[PDB]
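Peer 1:
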Amino acid sequence: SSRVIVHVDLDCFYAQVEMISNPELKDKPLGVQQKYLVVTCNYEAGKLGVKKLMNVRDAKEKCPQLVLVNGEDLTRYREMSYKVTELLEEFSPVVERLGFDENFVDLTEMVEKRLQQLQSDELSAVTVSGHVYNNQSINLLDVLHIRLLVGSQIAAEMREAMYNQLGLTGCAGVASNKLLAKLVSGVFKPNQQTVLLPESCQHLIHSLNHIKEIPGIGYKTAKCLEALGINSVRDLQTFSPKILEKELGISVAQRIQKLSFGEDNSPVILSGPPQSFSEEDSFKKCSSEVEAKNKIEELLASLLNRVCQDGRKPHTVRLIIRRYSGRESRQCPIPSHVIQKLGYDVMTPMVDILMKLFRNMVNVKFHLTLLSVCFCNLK
DNA sequence: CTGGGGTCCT
DNA sequence: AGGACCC
Ligand SMILES: Nc1ccn([C@H]2C[C@H](O)[C@@H](COP(=O)(O)NP(=O)(O)OP(=O)(O)O)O2)c(=O)n1
Ligand SMILES: [Mn+2]
Ligand SMILES: [Mn+2]
C-alpha cells in the first residue's frame, strides 16, 4: 500500500517563459517584475545575487545591469502551465496542480504495470534516473526501492517530454507521499531530479531548519508554534499532542504533527479545469468612483475573454478591495439571462452589478490600494 | 517599494 | 464573507 508519487516544479517559471519568447534575454541577467517586486529571475541574475520576491530597488542594487520584463499579465504563464499539466495527464490521468508551476502525479499504477511487464533477468538491471537522496545505497531486493526507481525513470521521461514538446525545464522528486515528493524535488536545482528511499525520510525531514519550511504550516501556524517554544522539526515531533490540539484545534494539530514525521496520507486529486477565474490590479491610490469604475471595466474585459474561451459559465461574481493602511469582498449570483448571453453587451450589466457591490463596500459620499474581480461557481 | 494569481475550510 | 494555506 506504498504509493509512488512524483512532484514537478518548473525552473524560474516566468523567467523561463519570457526567455522563450525573447531569446535575447537568455544570455543576460533577467528578472520578471510585478509592480515593485522582482517575482523571479533566471539563473544568471541569481548568480549575481538577485533572489525571488526581492525589491526591484534591492534587485538593481545587487545587480545594476539587471534586465527587467513586466510580468503583470499572467496569460502566457497560464497557457504554458496548462500545457505542462495536460502533457503530464498524458502519462497518468490523475494530476494535481499546485500553483502555476507545480504538479503531483500518482505513478503507482503505472509503476506496477511496468514491473509486471518486466522479467527476472531485467529486474536486476533496474537503475535509478537522476540523484538518489543522501547517496543512499539501493537494495534491488527491496520492492519499495524497485518501485521508486521505476518512478524515477518515469519522472525522467516526463522531464524529457516537457523539454522536447514544450521547451521547458524543471525539477522532479519521487517519493511515497506528496509531502516527501515535494520536499525532495528541490534538493538538486535546477533541471535535476531526486528520488527518496524510505530509509532517508527522517534525514530529509530533519534537514529543514524551521517548521515554516513544511508545506502545510504557513505564517500564522508558524507564529503560533514559535509562541510555544516549538522551533525545529523535532520540537514539533516530540511536543505534547494535547497542548497542540488545544492551541490549533484537532485538525491542524494532528495534520501538522503527522507532517513533522514525513507522513502524508492525502491522495493526489484531479485538479481538472479551474474552479475560478480572477484578475487583480494594485495601485498607490484610488480616490475616484469613476476611476475605480474604469479599472473594474478593465478587469471585466479580460475576464470576459477568458471565460468565453473556456466554454463554461460562472454562476457567481465577486469584487474584492483593499483599504488604506485587510481585504474586503462582496459577491452575488450572476443573473441567468446574462449567463446565457455569455459568448450581447454583457459589459454594461456586469459593470452595473459590480458598481452596486462596490458601493456596498465603499461610501462615495476614499483611498483604495487593490481592486480585484472573480468569476466563481463554474458550470 | 509587497504581485498576481489559485485551493479549500469556517 | 472571511481566513488559512499554496505558488
Ligand atoms: N509568491 C509568489 C511565488 C511565485 N510566483 C510565480 C513566479 C514564479 O516564477 C512562479 C513559480 O514560483 P516558484 O516555483 O516559487 N519559484 P520559480 O519557479 O520562479 O523558480 P525555481 O525556484 O522553481 O527554480 O510563480 C508569484 O508570482 N508569487
Ligand atoms: Mn514552484
Ligand atoms: Mn518553480
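When the letters of the first sequence are read in order and numbered with PDB author numbering, they come out as residues 51 to 375, 381 to 398, 402 to 423, 426 to 439.
No residue lacks a Cβ here, since even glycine has one placed at the ideal position from N, Cα and C.
Is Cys251 closer than 8 Å to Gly312 when the C-beta atoms are compared?
Peer 2: Here the question's residue 312 lines up with position 262 in the first sequence. Here the question's residue 251 lines up with position 201 in the first sequence. The answer is yes: Cβ separation under 8 Å.
Peer 1: Classify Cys336 as helix, strand or coil using the three-state DSSP reduction.
Peer 2: To locate residue 336, count along the first sequence from 1; it is residue 286. It is coil, neither helix nor strand.
Peer 1: Would you check if the distance between the CB atom of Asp314 and the CB atom of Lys423 is smaller than 8 Å?
Peer 2: Reading the first sequence from its first residue, position 264 is the one you call residue 314. Reading the first sequence from its first residue, position 365 is the one you call residue 423. Not in contact: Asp314 and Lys423 (Cβ atoms no closer than 8 Å).
Peer 1: How long is the line joining the alpha carbons of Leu286 and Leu438, rounded to whole angstroms?
Peer 2: The count along the first sequence starts at 1 and reaches residue 286 at position 236. The count along the first sequence starts at 1 and reaches residue 438 at position 378. About 40 Å.
Peer 1: Are there three or more Cβ pairs, one per stretch, closer than 8 Å when the stretch 114-134 is compared with the stretch 194-211?
Peer 2: At 8 Å Cβ cutoff, the stretches do not touch.
Peer 1: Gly398 and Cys358 - do their beta-carbons sit closer together than 8 Å?
Peer 2: Position 308 of the first sequence, counted from the first residue, corresponds to residue 358. Position 343 of the first sequence, counted from the first residue, corresponds to residue 398. For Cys358 and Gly398, yes; Cβs fall inside 8 Å.
Peer 1: From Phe327, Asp410, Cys274 and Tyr64, pick the residue whose C-alpha is nearest to that of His365; which is it?
Peer 2: On the first sequence, residue 365 is found 315 positions in, with the first residue counted as 1. Answer by Cα proximity: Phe327.
Peer 1: Shortest alpha-carbon distance to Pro388 belongs to which of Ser375, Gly361, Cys62 and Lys414?
Peer 2: Stepping through the first sequence from its first residue, residue 388 is reached at position 333. Nearest C-alpha to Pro388: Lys414.
Peer 1: For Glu146, verify whether its CB is less than 7 Å away from any heavy atom of ligand 2.
Peer 2: Taking the first sequence and counting its residues from 1, one reaches residue 146 at position 96. No, Cβ of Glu146 sits at least 7 Å from all heavy atoms of ligand 2.
Peer 1: Taking 7 Å as the cut-off, is the C-beta of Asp61 nearer than that to any heavy atom in ligand 2?
Peer 2: By 1-based counting over the first sequence, the position of residue 61 is 11. Answer for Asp61: no, Cβ out of range of ligand 2.
Peer 1: Taking only three categories from DSSP, how would you classify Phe63?
Peer 2: Translated into the one-based positions of the first sequence, residue 63 becomes position 13. Correct three-state label for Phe63: helix.
Peer 1: Are the CB atoms of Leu247 and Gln186 within a distance shorter than 8 Å?
Peer 2: The count along the first sequence starts at 1 and reaches residue 186 at position 136. The count along the first sequence starts at 1 and reaches residue 247 at position 197. Contact flag set, yes.
Peer 1: Helix, strand or coil: how does DSSP classify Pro324 here?
Peer 2: Here the question's residue 324 lines up with position 274 in the first sequence. In the structure shown, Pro324 sits in coil (DSSP, three-state: anything other than H, G, I, E or B).
Peer 1: Going along the chain, which unbroken runs of the alpha helix (DSSP H) with 4 or more residues stay wholly within the stretch 122-184?
Peer 2: Counting only runs of 4 or more, we get 125-141, 158-167 and 170-173.
Peer 1: Go ahead and pull the three-state DSSP assignment for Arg53.
Peer 2: Stepping through the first sequence from its first residue, residue 53 is reached at position 3. Coil, per DSSP.
Peer 1: Suppose you measure from the CA of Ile255 to the CA of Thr219; what does that come to, to the nearest Å?
Peer 2: Here residue 255 is taken as the residue at index 205 of the first sequence, counted from 1. Here residue 219 is taken as the residue at index 169 of the first sequence, counted from 1. Those two C-alpha atoms are separated by around 26 Å.
Peer 1: Let me know the alpha helix (DSSP H) ranges lying completely inside the stretch 211-296, each 4 residues or longer, listed in chain order.
Peer 2: Complete alpha helix (DSSP H) runs here, min 4: 228-235, 251-257, 269-276 and 283-288.
Peer 1: Compare the Cα-Cα distances from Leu165 to each of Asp59, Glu140, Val54 and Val404 and report the closest residue.
Peer 2: Reading the first sequence from its first residue, position 115 is the one you call residue 165. Per the Cα distances, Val54.
Peer 1: For ligand 3, is there any heavy atom lying closer than 7 Å to the beta carbon of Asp403?
Peer 2: Locating residue 403 in the first sequence gives position 345, counting from the first residue. No.
Peer 1: Starting from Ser432, trace the beta strand (DSSP E) in both directions and tell me its first and last residue.
Peer 2: Position 372 of the first sequence holds residue 432. Here the beta strand (DSSP E) through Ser432 covers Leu428 to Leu438.
Peer 1: Quick check: is any heavy atom of ligand 1 less than 7 Å from the C-beta of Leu103?
Peer 2: Here the question's residue 103 lines up with position 53 in the first sequence. Yes, the beta carbon of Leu103 sits closer than 7 Å to at least one heavy atom of ligand 1.
Peer 1: DSSP three-state label for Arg209, please.
Peer 2: Position 159 of the first sequence holds residue 209. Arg209: helix per DSSP, three-state reduction.
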